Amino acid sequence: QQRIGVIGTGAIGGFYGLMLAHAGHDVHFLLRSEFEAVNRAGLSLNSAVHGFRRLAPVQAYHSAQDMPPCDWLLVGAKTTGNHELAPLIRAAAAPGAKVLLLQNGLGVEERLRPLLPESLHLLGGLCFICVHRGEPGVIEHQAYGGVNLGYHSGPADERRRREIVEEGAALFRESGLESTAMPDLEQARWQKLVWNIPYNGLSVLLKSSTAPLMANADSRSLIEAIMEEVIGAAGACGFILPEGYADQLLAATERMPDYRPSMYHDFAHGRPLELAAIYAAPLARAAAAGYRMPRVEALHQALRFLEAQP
């Protein structure tokens, strides 16, 4: 019923694009390194939640200008190349399209917004999912998959903004995925950092997946201390998270399957880490509030050092 465009068909874009297509939506994929392989072989998903899923043939595109105008654009690219990202979105966007950034970090919508026409709605999609590019054209989905949507900016008034976020959530729900409308995209991005900041960084730094990090008492105490810093930074910036929120997130991660965070896969494959959106932007916002995050600041410095080493 809706024409969906996927700008950046990686683990996230491939997964959500495939899931929507399997729900009967008209999905068009823009691919980069794997366009040729996915164009011929197709898209396939190994998922512990949804079983094996395949799309063949896929409506795949190597040029964004080849794509037809889409009502929703699912941005699955990393936050690392914003000026490379913007021209593609405008090309594939139908009049008044909804742009949904399926991206981690803080301040990402504001940073992309100057390049996007004011006629386009800009939304944030916070994905709680364990997923990675496993094999060329194959997506490895380990757990979860829910997406929470929030409206950032666009021509909609307050009622229409809620309707558009609800419309986006319902699309994923129709696909068999969990989805809720968030009242405050900025508050939700801060909440998501409480998990991404310790786990993404320590997985790279300590060369470890989630289970050994939770099993060892020192890493677990370090994770909790980092969580408190992010929660304090969120509070200092005007967003007070729920009571005992660190304990809730720690408990759920213990129930998580053994998992290597997205940033771990990035570091192993030599891809740029999303340090700017996940670490630098929270650190800068907290500094503006006069709130120091010593452990996060030190972790960011170590991550930058590791990226720069031969």
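Only the largest set of C-alpha atoms that superpose within 1.5 Å between the two forms is called the rigid core. Each residue number is its position in the shown sequence, starting from 1.
Stretch comparison, 77-85 versus 187-195: after rigid core superposition, larger RMS CA deviation in 4 other deposited structures of this protein is found for 77-85. Core-fitted comparison in 4 other deposited structures of this protein shows that, between 117-125 and 236-244, the CA atoms farther from the shown form belong to 236-244. When the mean C-alpha temperature factors of 217-225 and 76-84 are read from the deposited coordinates, 76-84 comes out higher. Averaged over their C-alpha atoms, the temperature factors of 62-70 and 275-283 are higher for 62-70. When the C-alpha B-factors of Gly150, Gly146, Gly137, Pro114 are read from the PDB record, the largest value belongs to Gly137. Annotation for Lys192: CA B-factor lies in the lowest third of the chain's modelled residues.
Ranked by C-alpha B-factor against the other modelled residues of its chain, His22 falls in the highest third.
Split the chain's modelled residues into thirds by C-alpha temperature factor. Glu163 is in the middle one.
For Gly105, the recorded CA temperature factor ranks within the lowest third of the chain's modelled residues. When all modelled residues of the chain are sorted by CA temperature factor, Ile89 is found within the middle third.
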